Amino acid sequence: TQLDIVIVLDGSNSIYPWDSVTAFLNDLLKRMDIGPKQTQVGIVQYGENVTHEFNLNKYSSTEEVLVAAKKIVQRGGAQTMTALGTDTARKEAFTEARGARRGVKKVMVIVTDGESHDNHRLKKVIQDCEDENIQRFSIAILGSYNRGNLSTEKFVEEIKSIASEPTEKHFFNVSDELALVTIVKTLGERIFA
């Protein structure tokens, strides 16, 4: 079965350098066969609000997706609304109106480097994602936290709660931005296999 993939990117300013995120997107995407009858990719960026960078059916080829992924700019933000960004991907990104197809497996990839301001909604948002059979891969970047000498225990536990089970398979603990690209092959093959 094919796959509708929606990448949800935290765009907060603490994430640096943005080139690491786009390099991560490029590497993950270039090894996919994007098409209306193949894999479809949609990308959403969130900070304090949410923005659909491009819908699931916006681009019909891998080359096109790559071009669009490289153009994504960091929108910034002072408070991380992960619940909002995730719920929106479920509510809007994954809709026929934006390209989502029938009889296709839905996959969400969440990338963030901080604890969410609306973490009180995560329980509900996630459960709704589960009821809709959306497989979730969450990635926590401990870069800004470590550099700020902040405790990452709760943060890791929170992003982990977003991941689908097993968990050790859907959750990725990334030490820093430059290390993002090192999970591409594993994540890549897991999204599919």
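Note that residue numbering follows the sequence shown and begins at 1.
Chemist: Taking the mean of the C-alpha B-factors per stretch from the entry, tell me the winner out of 84 to 92 and 116 to 124.
Modeler: Going by the record's values, the stretch with the higher mean is 116 to 124.
Chemist: Highest mean C-alpha temperature factor of the two stretches 25 to 33 and 139 to 147, which is it?
Modeler: Comparing 139 to 147 with 25 to 33, the higher mean C-alpha B-factor belongs to 25 to 33.
Chemist: For the chain shown, is the CA B-factor of residue 40 in the lowest, middle or highest third of its modelled residues?
Modeler: Middle third, going by the recorded CA B-factors of the chain.
Chemist: Taking the entry's C-alpha B-factors for this chain, is residue 107 in the lowest, middle or highest third?
Modeler: Middle third.
Chemist: Sorting by Cα B-factor within the chain, modelled residues only, which third would residue 187 end up in: lowest, middle or highest?
Modeler: It falls in the middle third of the chain.
Chemist: Considering every modelled residue of the chain and its Cα B-factor in the PDB entry, is residue 77 in the lowest, middle or highest third?
Modeler: For residue 77, the deposited C-alpha B-factor lands in the highest third.
Chemist: Test of reading the entry: by CA B factor among the chain's modelled residues, which third contains residue 158?
Modeler: For residue 158, the deposited C-alpha B-factor lands in the middle third.
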